[PDB]
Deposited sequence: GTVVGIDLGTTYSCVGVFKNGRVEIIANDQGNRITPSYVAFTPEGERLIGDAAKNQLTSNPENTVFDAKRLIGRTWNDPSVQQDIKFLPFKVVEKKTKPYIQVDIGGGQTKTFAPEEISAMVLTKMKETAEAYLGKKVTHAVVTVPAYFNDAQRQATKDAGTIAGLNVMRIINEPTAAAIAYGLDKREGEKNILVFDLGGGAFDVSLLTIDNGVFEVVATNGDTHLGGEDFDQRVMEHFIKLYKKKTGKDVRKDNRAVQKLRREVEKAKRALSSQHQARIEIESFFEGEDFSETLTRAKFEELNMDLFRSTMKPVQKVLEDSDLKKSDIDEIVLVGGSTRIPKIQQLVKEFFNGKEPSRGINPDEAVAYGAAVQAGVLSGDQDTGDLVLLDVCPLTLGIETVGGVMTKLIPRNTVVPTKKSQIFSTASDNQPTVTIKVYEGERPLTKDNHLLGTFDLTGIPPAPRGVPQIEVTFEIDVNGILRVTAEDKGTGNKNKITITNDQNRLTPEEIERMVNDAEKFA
C-alpha cells in the first residue's frame, strides 16, 4: 500500500488513501504530525520525533533538526552559512556539502549527510504507517517545495531510497494542497492561488482546476524563508539585547541559545491568538535567569521585512500567468505559518479583501494531497478523477561566452520536457567538451545557480568543428534533469561525466548499513 508523506522542515505528516477517504495517521504518541527531529543520547540511543524534540535543551549539540534547510545545498550557499549561527550541532564541510557531526556516546563522533538525517525522519513516518496498516510499506509519494532546485529534489529522492522507500513520485507542496482543496469539485474552470508558508520554505502557485484536471500555470518561491526565520529573528533580537544590557555574549553556549528557541516558538504560537507573551528561562547563562515580555507588535516589527517579502512571489506569479487580482477565484493557505494574523492580513489586503478558502488544515492539507496522489498512481478506482500537469520552477540555461545565460528550457514549462542542441570541438583532436548548466532568471550566469558541469567524453580524433554531438536535456516528471549525448557524425559512444557527485548506489548501501546500527 502506497502512502503520502509530507517531509517538512519542522514537522512531517503521513496519510493513506483507503476505503474511499484519506486517513492522516497518528504516531505512537497520538499526534497527527511528527517533529522532523533526530537525537543521539549519551547512552547511544537514537530518538526520532517528539522524544528527540523533548530533549533539545538538555542535549542540544546532539539534537538535529532543520535538515531540510541544508539538504541538496553546497557548503558555501549563504542560506547554509547564515543558518549555522542558530543550529546547536556542528556543521562541517565534506564533499563540498554541509555534513552534520554529532557525539554518539563514549566520546565517539559520527558525521551524516543531510540526506541521512531526512532518511531517519522518513523511516519514522514509514513505521508510523506500518503500525497503522499492519504491514510493510515500500512505496511512497514524498513532498518537496515547488521552488526546490535540481539538487534539492534529487537529495530528497535519495533520502527516500535510504529509508527503504521506492519514491513513486516527488510532489510539489502547493500542488498537493491544491489536490486536497479541489478533488471531486465539479465547478468548471477556476483559478486557484496556493500560498504555502511552512517552517523553512515559501511557495506560491497559481493553478487552474477543472473537473479533476489540475494544471500549475505559474510558481515562484523562496526556499530559505519560513517559520524558523521568524523564530531566529526574535532569538537574535534577545541575544543582542542581553549583550547590550549585561556585556555577555551567549551565542556559543548552545543550551542558552536553544532554551531561547524553545521559548520563542511557544511565544510565537501564543501571539497568533493573544497580544502579549511571556518568555521565561531559568539558568539561561552562567547561572542567571532571563524574563522578557514579547508583544504581537514587537514580533511583527522584528519580522515585517520578511512578512512583506511574501508579496514578491505573489506578484511574480500574477505577472507570469497574465492574470489580475480579480481573476483569482480561491486563495488556499497552507503551512503552519499562515496562522500568523499579520500574514493573513497581508494576503487579504493584497487581494482587496478576499477571504481564504475554509475547511483546510494548513498543517495537514499537503500530506492529504500526497496521499491522494499515491492512491491514484497505485491504480485506485474509488479515488476522485486526477489528471495533473505540473512545471519546472526554474529556467535552465547554458553558460556562453561573456558569462551569459543562454536559455534552454523556460521556467513554468510542463514536465516531462526536453530540448536538444548540437555541440562540436574548438581544437583539432579535442577529446572532451564541457557544458555548464545553470538554474535561474537573471541574464548573467554569475547571478544564477550552477546546476552542474557536464563533460562530453570519448570524442574521436578529428579536425576542429567536424564532430556533431547532439546533447539532450530532459527534465523528468519529478523535476530532475538528465543529460545524454549521441554522435550524429556521418558513419562513437559519447559518455557524459558531471560534477554533481550524486550519491551512488554503493554510497546509499553504506548509509543504509550505518543506519541499521541504531
TODO: Any chance you could give me the deposited-sequence numbering of all the stretches lacking C-alphas?
DONE: 1, 493 to 494, 522
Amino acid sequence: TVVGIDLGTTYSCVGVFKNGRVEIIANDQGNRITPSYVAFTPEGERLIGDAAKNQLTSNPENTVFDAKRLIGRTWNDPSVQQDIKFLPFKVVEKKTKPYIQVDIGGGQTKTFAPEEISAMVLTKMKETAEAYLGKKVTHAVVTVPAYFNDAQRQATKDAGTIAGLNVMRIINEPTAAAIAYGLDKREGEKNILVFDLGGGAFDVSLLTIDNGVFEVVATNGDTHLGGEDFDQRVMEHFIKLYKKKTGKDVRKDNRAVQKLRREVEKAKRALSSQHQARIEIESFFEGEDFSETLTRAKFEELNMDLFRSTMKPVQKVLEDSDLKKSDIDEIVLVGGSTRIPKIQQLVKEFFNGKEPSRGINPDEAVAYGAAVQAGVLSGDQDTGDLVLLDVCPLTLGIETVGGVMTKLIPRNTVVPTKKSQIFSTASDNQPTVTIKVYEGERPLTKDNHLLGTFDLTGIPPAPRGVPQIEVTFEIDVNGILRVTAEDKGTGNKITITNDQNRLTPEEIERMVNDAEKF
From here on, numbers count along this sequence of modelled residues.
Task: Other PDB entries, at least a third, lacking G491 - done: yes
Task: Between the two ranges 29 to 37 and 55 to 63, the one averaging a larger CA B factor in the entry - done: 55 to 63
Open item on the list: Per the record, averaged over C-alpha atoms, which has the higher B-factor: 300 to 308 or 389 to 397?
Closed with: 300 to 308
Open item on the list: According to the Cα B-factor stored in this entry, which of the following is highest: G49, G452, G479, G491?
Closed with: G491
Open item on the list: Looking at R358, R233, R442, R73, which one carries the largest C-alpha B-factor according to the PDB entry?
Closed with: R358
Task: CA B-factor ranking of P88, expressed as a third of its chain - done: middle
Open item on the list: What third of the chain does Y147 rank in for C-alpha temperature factor, lowest, middle or highest?
Closed with: lowest
TODO: Taking the values exactly as deposited, rank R411 by C-alpha B-factor within its chain and report the matching third: lowest, middle or highest.
DONE: lowest
Task: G200, C-alpha B-factor rank within chain (lowest, middle or highest third) - done: lowest
Task: Third of the chain, ranked by Cα B-factor, where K342 sits - done: middle
